[PDB]
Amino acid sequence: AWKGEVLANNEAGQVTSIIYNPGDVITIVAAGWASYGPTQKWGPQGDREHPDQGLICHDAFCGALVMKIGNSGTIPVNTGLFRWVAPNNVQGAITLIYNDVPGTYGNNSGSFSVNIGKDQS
């Protein structure tokens, strides 16, 4: 299992110790407060009112927690994933990333606390 934090200002994301293998079932729980720039802060589902101006993940709100598995496209995580199995052919290290517009991460603040574990399978 992996426990840590995902900084909002980290454009490269956080490479975890979890290697998703075919057949794996995972659970993720995410908490905390972060911002894409404004003085306000949002939780891991991000800001529902904010327009998409070129986000790395178009299926999640700006300020949401998202992930990649190996070299996959981004997959929304939000508050977490419960006993989740990935799409076929998706495998490798899980990287967690804050959802913002490329090149605009420098003014972000805060972080999400995240736990990931493999479940029974």
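One rule holds for the numbers: they count along the sequence shown, beginning at 1. Rigid core: the largest C-alpha set superposing within 1.5 Å between the two forms.
- Superposing the other copies on the rigid core and comparing 70-78 to 84-92, farther C-alpha placement in 9 other deposited structures of this protein marks 84-92.
- As recorded in the PDB entry, 53-61 is the stretch of 53-61 and 75-83 with the greater mean C-alpha temperature factor.
- Higher average CA B factor: 100-108, of the stretches 100-108 and 21-29.
- The entry assigns its greatest Cα B factor, within the set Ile94, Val90, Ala34, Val66, to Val90.
- Residue-level temperature factors show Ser121 in the highest third of its chain, judged at the C-alpha atom.
- Sort the modelled residues of the chain by CA B factor and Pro44 lands in the lowest third.
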